[PDB]
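For reference, run_23.tsv is printed below; it contains TSV, C-alpha atoms.
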```tsv
chain	number	residue	atom	x	y	z
R	1	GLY	CA	198.48	2.89	175.44
R	2	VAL	CA	195.54	4.98	176.63
R	3	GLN	CA	195.66	8.53	178.00
R	4	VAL	CA	192.82	10.07	180.01
R	5	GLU	CA	192.15	13.82	179.92
R	6	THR	CA	189.31	15.09	182.09
R	7	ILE	CA	186.53	17.05	180.40
R	8	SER	CA	184.32	17.35	183.49
R	9	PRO	CA	185.09	15.99	186.98
R	10	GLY	CA	183.34	13.11	188.69
R	11	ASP	CA	182.92	12.44	192.40
R	12	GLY	CA	186.54	11.29	192.64
R	13	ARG	CA	185.48	8.45	194.94
R	14	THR	CA	183.59	5.63	193.18
R	15	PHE	CA	185.66	3.87	190.50
R	16	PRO	CA	184.84	0.78	188.38
R	17	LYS	CA	185.97	-2.65	189.56
R	18	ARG	CA	185.96	-6.08	187.94
R	19	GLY	CA	182.52	-7.55	187.29
R	20	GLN	CA	180.69	-4.24	187.76
R	21	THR	CA	178.42	-2.77	185.09
R	22	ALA	CA	179.64	0.60	183.84
R	23	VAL	CA	176.95	2.80	182.26
R	24	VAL	CA	178.33	5.42	179.87
R	25	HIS	CA	177.48	7.81	177.08
R	26	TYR	CA	180.25	7.94	174.50
R	27	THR	CA	181.26	9.37	171.14
R	28	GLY	CA	183.96	7.59	169.14
R	29	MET	CA	186.12	9.48	166.66
R	30	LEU	CA	189.20	9.01	164.54
R	31	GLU	CA	192.38	10.93	165.33
R	32	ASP	CA	191.28	13.78	163.06
R	33	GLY	CA	187.94	13.98	164.90
R	34	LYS	CA	185.65	12.25	162.40
R	35	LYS	CA	182.84	10.51	164.27
R	36	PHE	CA	182.25	6.80	163.71
R	37	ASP	CA	180.04	5.82	166.68
R	38	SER	CA	178.01	7.56	169.38
R	39	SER	CA	175.59	6.23	171.98
R	40	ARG	CA	174.20	9.77	172.28
R	41	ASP	CA	172.99	9.52	168.67
R	42	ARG	CA	170.85	6.56	169.79
R	43	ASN	CA	169.64	8.29	172.99
R	44	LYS	CA	170.62	5.14	174.86
R	45	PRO	CA	173.45	4.82	177.40
R	46	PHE	CA	175.94	2.04	176.69
R	47	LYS	CA	176.44	-0.67	179.31
R	48	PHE	CA	179.37	-3.04	179.71
R	49	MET	CA	180.94	-5.17	182.43
R	50	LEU	CA	184.50	-4.31	183.43
R	51	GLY	CA	186.95	-7.12	182.79
R	52	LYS	CA	184.62	-9.04	180.45
R	53	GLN	CA	186.54	-7.82	177.38
R	54	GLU	CA	183.29	-6.47	175.95
R	55	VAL	CA	185.22	-3.28	175.06
R	56	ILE	CA	188.72	-2.46	173.82
R	57	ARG	CA	191.68	-2.42	176.20
R	58	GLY	CA	191.80	1.38	176.16
R	59	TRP	CA	188.29	1.39	177.63
R	60	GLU	CA	189.04	-1.36	180.16
R	61	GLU	CA	192.00	0.58	181.58
R	62	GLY	CA	190.77	4.10	180.80
R	63	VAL	CA	187.24	3.88	182.20
R	64	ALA	CA	188.72	2.25	185.31
R	65	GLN	CA	190.53	5.53	186.01
R	66	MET	CA	187.25	7.49	185.90
R	67	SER	CA	184.97	8.19	188.85
R	68	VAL	CA	181.18	8.33	188.63
R	69	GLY	CA	179.93	11.49	186.94
R	70	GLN	CA	183.22	12.09	185.15
R	71	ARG	CA	183.48	13.03	181.48
R	72	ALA	CA	186.87	12.34	179.92
R	73	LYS	CA	188.81	12.15	176.67
R	74	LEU	CA	190.31	8.71	175.99
R	75	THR	CA	193.23	8.79	173.53
R	76	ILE	CA	193.85	5.19	172.50
R	77	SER	CA	196.62	3.63	170.42
R	78	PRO	CA	195.86	0.87	167.89
R	79	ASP	CA	197.32	-1.84	170.14
R	80	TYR	CA	194.82	-0.72	172.79
R	81	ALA	CA	191.90	-0.41	170.34
R	82	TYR	CA	191.27	-2.74	167.38
R	83	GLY	CA	194.91	-3.62	166.74
R	84	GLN	CA	197.51	-2.76	164.15
R	85	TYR	CA	196.79	-3.37	160.48
R	86	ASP	CA	197.35	-7.07	159.72
R	87	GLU	CA	198.79	-7.50	156.22
R	88	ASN	CA	198.09	-11.25	156.40
R	89	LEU	CA	194.34	-10.53	156.36
R	90	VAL	CA	194.62	-8.91	152.91
R	91	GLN	CA	194.85	-11.22	149.91
R	92	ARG	CA	194.35	-11.19	146.14
R	93	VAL	CA	191.73	-13.68	144.93
R	94	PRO	CA	191.91	-14.47	141.17
R	95	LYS	CA	188.18	-13.65	140.70
R	96	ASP	CA	187.39	-17.24	139.69
R	97	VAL	CA	186.55	-18.01	143.33
R	98	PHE	CA	183.61	-15.60	143.19
R	99	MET	CA	180.72	-17.13	141.23
R	100	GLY	CA	177.87	-14.65	141.01
R	101	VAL	CA	176.04	-13.85	137.79
R	102	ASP	CA	175.17	-10.37	139.18
R	103	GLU	CA	177.21	-7.44	140.41
R	104	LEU	CA	180.21	-8.05	142.68
R	105	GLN	CA	180.72	-4.67	144.33
R	106	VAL	CA	183.76	-3.03	145.84
R	107	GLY	CA	182.97	-2.29	149.47
R	108	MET	CA	180.75	-5.35	149.87
R	109	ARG	CA	181.24	-6.94	153.29
R	110	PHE	CA	180.51	-10.60	154.00
R	111	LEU	CA	181.64	-13.66	155.92
R	112	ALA	CA	184.40	-15.58	154.14
R	113	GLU	CA	185.90	-18.99	154.86
R	114	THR	CA	189.31	-18.28	156.39
R	115	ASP	CA	191.88	-20.44	158.14
R	116	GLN	CA	190.74	-18.68	161.34
R	117	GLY	CA	187.06	-19.44	160.70
R	118	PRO	CA	184.10	-17.62	159.14
R	119	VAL	CA	184.87	-13.92	159.65
R	120	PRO	CA	183.90	-10.63	158.01
R	121	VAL	CA	185.92	-9.47	155.01
R	122	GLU	CA	185.56	-6.62	152.52
R	123	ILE	CA	186.22	-6.33	148.80
R	124	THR	CA	188.48	-3.27	148.66
R	125	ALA	CA	189.61	-3.53	145.03
R	126	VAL	CA	188.78	-5.43	141.83
R	127	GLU	CA	191.32	-5.71	139.02
R	128	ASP	CA	191.21	-7.37	135.61
R	129	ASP	CA	192.38	-10.75	136.95
R	130	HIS	CA	192.29	-10.28	140.74
R	131	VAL	CA	190.00	-9.30	143.60
R	132	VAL	CA	191.45	-7.79	146.78
R	133	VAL	CA	189.80	-9.17	149.93
R	134	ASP	CA	190.60	-7.42	153.23
R	135	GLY	CA	189.67	-9.06	156.52
R	136	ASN	CA	191.07	-6.31	158.73
R	137	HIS	CA	188.89	-4.45	161.19
R	138	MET	CA	187.69	-1.19	159.65
R	139	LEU	CA	189.54	0.65	162.44
R	140	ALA	CA	192.69	-1.49	162.38
R	141	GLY	CA	195.82	0.63	162.71
R	142	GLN	CA	193.85	3.74	163.72
R	143	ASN	CA	194.47	5.89	166.76
R	144	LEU	CA	191.07	6.57	168.32
R	145	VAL	CA	189.64	9.34	170.50
R	146	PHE	CA	186.61	8.77	172.73
R	147	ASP	CA	184.44	11.25	174.60
R	148	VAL	CA	183.21	9.11	177.52
R	149	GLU	CA	180.93	10.05	180.43
R	150	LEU	CA	180.60	7.55	183.28
R	151	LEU	CA	176.92	7.98	184.15
R	152	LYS	CA	176.55	5.09	186.58
R	153	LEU	CA	178.19	2.14	188.29
R	154	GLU	CA	175.95	-0.85	188.98
R	155	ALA	CA	176.00	-4.35	190.42
```

Take the structure I supplied and represent it as structure tokens, if you would.
Amino acid sequence: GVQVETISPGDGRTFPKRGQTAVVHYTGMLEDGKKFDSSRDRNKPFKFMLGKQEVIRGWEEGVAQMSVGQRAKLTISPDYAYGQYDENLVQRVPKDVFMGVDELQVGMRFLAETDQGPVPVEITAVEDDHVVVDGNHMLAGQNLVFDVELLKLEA
């Protein structure tokens, strides 16, 4: 699930509700603390509507527990973030499928035709007779930690 630890208190009175626009500054990190996203690095607060599923479940339920002005640590499990690692989204392609006359790089990300539709995949390994294509989210299976400050509530 998601756990909320207060960093700085809010007003303890105004809390997000469905359909309301929450305005936040956030820093996203892996469990070890390595940063992967931060609205503060863009100098732009991040806005999202509660209940619209514009953010992960840990945010939907975690930010709802925060009052305006509050800064809090959100500890989020994979099921409440970008999901567990899906082994069905990893496959070995015999290399014949790829038909470029120029470099085919490990780490290249692109939209591939999948049974679920055109979705992003990544070449994570190339072997002599096989290419490993991984469609998992880059953060799949990762416990995440967010520094979130609820700057405003709007509607």

Residues near stretch 65-70 of chain R, anyone? I mean within 12 Å using only C-alpha atoms, not counting same-chain ones fewer than 3 positions away, as a tab-separated table (two decimals) with C-alpha atoms, keeping the file's coordinate frame.
```
chain	number	residue	atom	x	y	z
R	2	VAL	CA	195.54	4.98	176.63
R	3	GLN	CA	195.66	8.53	178.00
R	4	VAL	CA	192.82	10.07	180.01
R	5	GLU	CA	192.15	13.82	179.92
R	6	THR	CA	189.31	15.09	182.09
R	7	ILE	CA	186.53	17.05	180.40
R	8	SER	CA	184.32	17.35	183.49
R	9	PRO	CA	185.09	15.99	186.98
R	10	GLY	CA	183.34	13.11	188.69
R	11	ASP	CA	182.92	12.44	192.40
R	12	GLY	CA	186.54	11.29	192.64
R	13	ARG	CA	185.48	8.45	194.94
R	14	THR	CA	183.59	5.63	193.18
R	15	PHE	CA	185.66	3.87	190.50
R	16	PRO	CA	184.84	0.78	188.38
R	17	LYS	CA	185.97	-2.65	189.56
R	21	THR	CA	178.42	-2.77	185.09
R	22	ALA	CA	179.64	0.60	183.84
R	23	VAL	CA	176.95	2.80	182.26
R	24	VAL	CA	178.33	5.42	179.87
R	25	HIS	CA	177.48	7.81	177.08
R	26	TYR	CA	180.25	7.94	174.50
R	50	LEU	CA	184.50	-4.31	183.43
R	58	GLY	CA	191.80	1.38	176.16
R	59	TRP	CA	188.29	1.39	177.63
R	60	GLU	CA	189.04	-1.36	180.16
R	61	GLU	CA	192.00	0.58	181.58
R	62	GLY	CA	190.77	4.10	180.80
R	73	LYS	CA	188.81	12.15	176.67
R	74	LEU	CA	190.31	8.71	175.99
R	147	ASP	CA	184.44	11.25	174.60
R	148	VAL	CA	183.21	9.11	177.52
R	149	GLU	CA	180.93	10.05	180.43
R	150	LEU	CA	180.60	7.55	183.28
R	151	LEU	CA	176.92	7.98	184.15
R	152	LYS	CA	176.55	5.09	186.58
R	153	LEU	CA	178.19	2.14	188.29
R	154	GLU	CA	175.95	-0.85	188.98
```

Quiz prompt | Contacts of residue R:145 within 8 Å, all atoms listed in the file, excl. fewer than 5 positions in-chain, as an MDAnalysis selection string | solution = chainID R and resid 28:31 33 73:76

Quiz item: Mind pulling up the distance from atom CA of residue R:78 to atom CA of residue R:132?
Solution: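 A separation of 23.2 Å between them.
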
Hey, could you make a per-residue contact list for stretch 122-146 of chain R against stretch 79-94 of chain R with 9 Å as the cut-off, showing the nearest pair of atoms and its distance in Å to one decimal, counting only C-alpha atoms, sorted by chain and number, as a tab-separated table?
```
residue	atom	partner	partner_atom	distance
R:129	CA	R:94	CA	5.6
R:130	CA	R:94	CA	4.2
R:131	CA	R:93	CA	4.9
R:132	CA	R:92	CA	4.5
R:133	CA	R:91	CA	5.5
R:134	CA	R:90	CA	4.3
R:135	CA	R:89	CA	4.9
R:136	CA	R:89	CA	5.8
R:137	CA	R:82	CA	6.8
R:138	CA	R:82	CA	8.7
R:139	CA	R:82	CA	6.2
R:140	CA	R:85	CA	4.9
R:141	CA	R:84	CA	4.1
R:142	CA	R:84	CA	7.5
R:143	CA	R:81	CA	7.7
R:144	CA	R:81	CA	7.3
```

Quiz prompt | Between atom CA of residue R:1 and atom CA of residue R:32, distance in Å (one decimal) | solution =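 That distance, rounded to one decimal, is 18.0 Å.
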
Exercise. Between atom CA of residue R:146 and atom CA of residue R:27, measure the distance and give it in Å to one decimal.
Key: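 These atoms are spaced 5.6 Å apart.
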
Self-check item: Proximity to residue R:108 - best of R:96, R:54, R:127, R:122, all atoms listed in the file
Solution: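 Nearest to residue R:108: R:122.
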